[PDB]
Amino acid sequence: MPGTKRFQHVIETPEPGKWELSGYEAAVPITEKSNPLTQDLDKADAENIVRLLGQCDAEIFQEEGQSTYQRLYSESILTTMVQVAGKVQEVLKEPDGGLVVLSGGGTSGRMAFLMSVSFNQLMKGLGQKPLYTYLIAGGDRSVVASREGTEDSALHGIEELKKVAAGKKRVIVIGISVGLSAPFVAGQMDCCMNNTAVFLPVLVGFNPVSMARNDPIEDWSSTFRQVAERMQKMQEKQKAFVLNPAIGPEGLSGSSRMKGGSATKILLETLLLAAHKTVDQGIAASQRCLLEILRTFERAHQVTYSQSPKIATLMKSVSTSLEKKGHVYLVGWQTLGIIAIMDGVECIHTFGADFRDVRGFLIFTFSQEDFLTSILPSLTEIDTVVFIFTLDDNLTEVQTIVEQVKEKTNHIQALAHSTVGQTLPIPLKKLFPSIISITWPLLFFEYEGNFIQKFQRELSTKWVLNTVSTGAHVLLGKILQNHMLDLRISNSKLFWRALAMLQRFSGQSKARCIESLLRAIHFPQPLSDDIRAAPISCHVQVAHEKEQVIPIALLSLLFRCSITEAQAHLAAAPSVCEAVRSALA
């Protein structure tokens, strides 16, 4: 029938009580799963939220139990990390005609950017030509923009790869897709297997290959799963690699910007840094060198979340500023500035928030005075302003801007990284009464710009900002249990996540859920056979432009009513959340 092909991969909705027994839950990719720890995230208070998300983040370092999926510390994974460092080494010995690409969509693309900068610095600091570069779905401007739609083309990913692999003789392509999902990466990886003489594909994500994405890609013949299954066979001959530990579900279901983006840096910084740090020693990469670095990243989480109460407080101030109708400014220096901007942008698609709601700033890339003349005047009693810096930064540029921001605002908490024994100038820096001081041990670093210190600090800032941006929105009641129900469908994965949320919350059949979603997307047009049979990209392109698609679809189903009736009910209610929750009662 019309649509049977498009929706063939959709598993039927199970009867109540058989969600486990039907085999449905076992087929939900780890990355999309409901994290049991956060079943009541929507009820947790600020302090609980910090705790629940700290716990979730800790899962990245949890070891493999006794049958079960491999994890970061499992020997299969560390062995693979070693073999990849090794391949990275061959290139590093032979920089002429060598390149190393880090590629991903969305937050994977953002992580790829940071890491390619860092390792480019490191080879500069040694006076070697930079061998690294990034590739992000939608070109360079996707780094600091919400552009969720650009990950859905495999030809675009291959094109970008073609641009950059120029007339190189030896290219390593690290395809990063947390969900082993993005069509952007799948075609990069497949292209690589078709020219092994030059390309070496390495795929990074956090699903087992048997849960890799398997619905058709509109511009490509193979699925991500097939691609990944074939790379896995190539790994026996060391011609492709898959690096895919389970780190457990996200605390907000499917929000791979969080653990996924964290585990991406942890995993790839660890392995790249081992590789460099051991080439110049005339030693192979070994599990032992990786381990040192992993354990440092694991200390970094303990260090970070020991500041929990102050993280919770900052969340309560971010949440208030937004509950009223203020704005939140995230102001930071060098790469923490960027991480800040990345965080604020992700809030647009993640929570349906305006670009002003949580915005990042680097010293998007504004000057001391420029920020002072331009942005400073727009501030107000109710806003929250966050400063994010090292004691190594230029604290005279820092102290100025806080001086000036104190005038027009008082909610100004801050996030300061220091190596132990450094002191915070102005002991009357009770400009910041209750700072977030993260103090780091002394570690032995033989490289120039202390990269392990950079990586620690970036990760810890990432975690604080992610937990804050995310907690602030849950407190406002925008999250339903641990699901973001009212997302904007802006790519095929989101379209599938929407369909899944409909099955999970209504309990009704696949055909009904699908019908209600398409009716909601295409209203006021009725369901035709063309619409039913359309590529998912047509549904996406229409939904992207609307509001409350998913909640309307769900109300239609719960009330067993039309779209006209569900839209009128939604308008009768005080809020979307209240409409939905009271309909769920």
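Think of the rigid core as the biggest set of C-alphas that the two forms share within 1.5 Å after superposition. From 1 onward, residues are counted along the sequence shown.
Inset, instruction - After fitting on the rigid core, pick out whichever of 425 to 433 or 389 to 397 shows the bigger RMS C-alpha deviation in 7 other deposited structures of this protein. - result: Between 425 to 433 and 389 to 397, greater C-alpha deviation in 7 other deposited structures of this protein belongs to 425 to 433.
Legend entry - Interval residue 363-residue 364, deposited residues with no coordinates in the entry (none, 1 to 3, 4 to 9, 10 or more): Unmodelled stretch: 10 or more residues.
Inset, instruction - Indicate whether the chain is continuous between residue 66 and residue 67 or, if not, how many deposited residues are absent from the coordinates: none, 1 to 3, 4 to 9, or 10 or more. - result: Unmodelled stretch: 1 to 3 residues, a short break.
Inset, instruction - With reference to the PDB entry, specify whether the mean Cα temperature factor is higher for 444 to 452 or for 496 to 504. - result: Taking the mean C-alpha B-factor of 444 to 452 and of 496 to 504, the larger value falls to 444 to 452.
Legend entry - Given 549 to 557 and 37 to 45, the range whose Cα B-factors average higher in the PDB entry: According to the PDB entry, the answer is 37 to 45.
Inset, instruction - Among the candidates 406, 71, 462, 488, give the one with the maximum CA B-factor reported in the record. - result: Top of the list by C-alpha B-factor: 406.
Legend entry - Identity of residue with top Cα B-factor, from 291, 431, 204, 209: Going by the entry's C-alpha B-factors, 431 comes out highest.
Inset, instruction - Would you mind checking where the Cα B-factor of residue 412 ranks among the modelled residues of its chain, as the lowest, middle or highest third? - result: Tercile = highest for this residue's CA B-factor.
Inset, instruction - Pull the Cα B-factor of residue 252 out of the PDB entry and bin it into the chain's lowest, middle or highest third. - result: Within its chain, residue 252 is a lowest-third residue by C-alpha B-factor, going by the deposited values.
Inset, instruction - Just say lowest, middle or highest third for the CA B-factor of residue 224 relative to the other modelled residues in its chain. - result: For residue 224, the deposited C-alpha B-factor lands in the lowest third.
Legend entry - residue 156 CA temperature factor, ranked by third within the chain: According to the entry, residue 156 has a C-alpha B-factor in the chain's lowest third.
Legend entry - Lowest, middle or highest third - CA B-factor, residue 317: Within its chain, residue 317 is a highest-third residue by C-alpha B-factor, going by the deposited values.
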